[PDB]
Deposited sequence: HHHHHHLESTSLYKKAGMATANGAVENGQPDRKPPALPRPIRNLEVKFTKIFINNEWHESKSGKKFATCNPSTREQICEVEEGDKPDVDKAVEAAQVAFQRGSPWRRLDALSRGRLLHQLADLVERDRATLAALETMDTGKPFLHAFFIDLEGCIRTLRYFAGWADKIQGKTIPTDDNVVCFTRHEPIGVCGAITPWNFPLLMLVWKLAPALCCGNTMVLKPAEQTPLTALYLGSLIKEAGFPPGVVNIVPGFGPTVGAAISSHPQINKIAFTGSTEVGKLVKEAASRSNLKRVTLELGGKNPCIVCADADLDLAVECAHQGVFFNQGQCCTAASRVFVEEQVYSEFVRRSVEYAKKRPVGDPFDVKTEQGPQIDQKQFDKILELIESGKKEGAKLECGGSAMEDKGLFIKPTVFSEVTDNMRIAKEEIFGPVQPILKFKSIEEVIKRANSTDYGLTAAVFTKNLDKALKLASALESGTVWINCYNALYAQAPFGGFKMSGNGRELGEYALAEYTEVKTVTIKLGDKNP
């Protein structure tokens, strides 16, 4: 399976199903986080490159265009085709993802790529099921709504789940007849660029998808400010998302959906299946080195089970292993101190591993409290702050005390507690006796400052459609 010495075939700007060099001629250079060594130079796009791509997108989206004349099932066939090719070339994409992220290949293969496929097929099924409405009004009137495509849509995605995150936009966008302008992170532009090949092979017309790699303030900012981009979807940081919205509003009031991060709680009750709670919550905090937006950053446990839970979690940290079949965590592309200075107790880790890359030991705090920064600030790293609570009412308030709400998980055997907390928590997703359970068909998103809009599920389709009303009076 592993393809360790894989050649990179695609490094240029995809626009109109043709490969392109920068207008400047500049390149920048991506690196294998694991080796620290350069992989290849890929083309560095800037403003003029974006204009080129957006004019492509507009032509493809023009009325009379081939892409627009396609009937509805056929937009669906194309995606089905595109999924098939991702699946065909699954191991490559998996291998390229590992090459730019450091993600374990098996993980990329079974998680990132599994996701891209399912999502692509999920949303192939919506293409002929995008329905407006016939609205009753007056006897002498025929009023209905059309769910039109918006137009040119841009995607701007982060480095942790590059392809997946990109695919979450692409799948629905195209399903609804939009045309796109993608920008993967500077750190990880390989699998995106590969996919563009696959988008050509699958048979999408020219300029329905265009890709310009580069930097945020150059390429990204060119998009968000662009007067002919109609809609945008960003996933990345709270700090940058605001800029995107700020930029959309100054420009053409383009539509923005944002998926940013969060201070996601896990809430463990005395009556929980304690083992599972320790297990899941550990998969919550530490998965991908804590470099996942769904990351569990705040673990709440009830007094009766507090000391027990911690022991078990300290037990979990040390015991799992460090492209191999057995590798569970890859390299990183203080808060730990301020926890010590503010009085929290550390039961394991607290420093780096051995002199081989930016790896932190799994670190677990106990005696944590709300006022602490390890409970207030996005760690983006393998730190497990366990906090104590007594009242289900207390924990509901404490849990909701951040400006975020992307995720929450609640462990309990009690039906009434399960649904209570579920209604009370302010989070786009509430897991009950699981963590990281996501589906192409279940919507995902954030409350409050974790984002706007939703991705996946039917709800996704609203973000890539413009509702037009046609109201007809009869004589």
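For this chain, the deposited residues without C-alpha positions form the stretches 1-38, 361-363, 375-383, 526-529, given in sequence order.
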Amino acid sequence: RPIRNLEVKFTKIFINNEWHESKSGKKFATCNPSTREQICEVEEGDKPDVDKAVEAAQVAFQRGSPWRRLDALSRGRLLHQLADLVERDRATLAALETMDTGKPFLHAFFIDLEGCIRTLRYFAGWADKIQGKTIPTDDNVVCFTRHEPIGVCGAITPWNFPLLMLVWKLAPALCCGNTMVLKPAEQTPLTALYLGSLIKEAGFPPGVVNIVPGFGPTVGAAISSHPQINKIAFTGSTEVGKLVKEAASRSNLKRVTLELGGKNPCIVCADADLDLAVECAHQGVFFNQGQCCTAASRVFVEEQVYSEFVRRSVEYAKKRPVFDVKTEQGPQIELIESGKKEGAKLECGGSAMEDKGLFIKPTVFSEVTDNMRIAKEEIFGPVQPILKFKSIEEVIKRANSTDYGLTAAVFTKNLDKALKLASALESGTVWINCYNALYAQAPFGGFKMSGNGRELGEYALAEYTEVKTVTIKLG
From here on, numbers count along this sequence of modelled residues.
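So that the term is clear: the rigid core is the largest set of C-alpha atoms that superpose within 1.5 Å between two forms.
Using the rigid core as the fitting frame, the root mean square C-alpha deviation in 7 other deposited structures of this protein is greater for 339-347 than for the other of 93-101 and 339-347. Remark: when the other structures in 7 other deposited structures of this protein are fitted onto this one via the rigid core, 377-385 deviates more than the alternative among 377-385 and 147-155, judged by RMS CA distance. Mean CA temperature factor is higher for 8-16 when stretches 8-16 and 461-469 are set side by side in the entry. Of the two segments examined, 201-209 and 390-398, it is 390-398 that shows the higher average Cα temperature factor in the deposited entry. You'll see in the entry that, of 185, 325, 86, 95, the Cα B factor peaks at 325.
In this entry, the residue among 319, 147, 75, 169 with the greatest C-alpha B factor is 319.
Compared with the other modelled residues of the chain, the Cα B-factor recorded for residue 231 ranks in the lowest third. When the modelled residues of the chain are ordered by C-alpha B-factor, residue 66 sits in the middle third.
Residue 179 sits in the lowest third of its chain by CA B factor, as recorded in the PDB entry. Among all modelled residues in its chain, residue 244 ranks in the middle third by Cα B-factor.
The PDB entry assigns residue 45 a C-alpha temperature factor belonging to the middle third of its chain's modelled residues.
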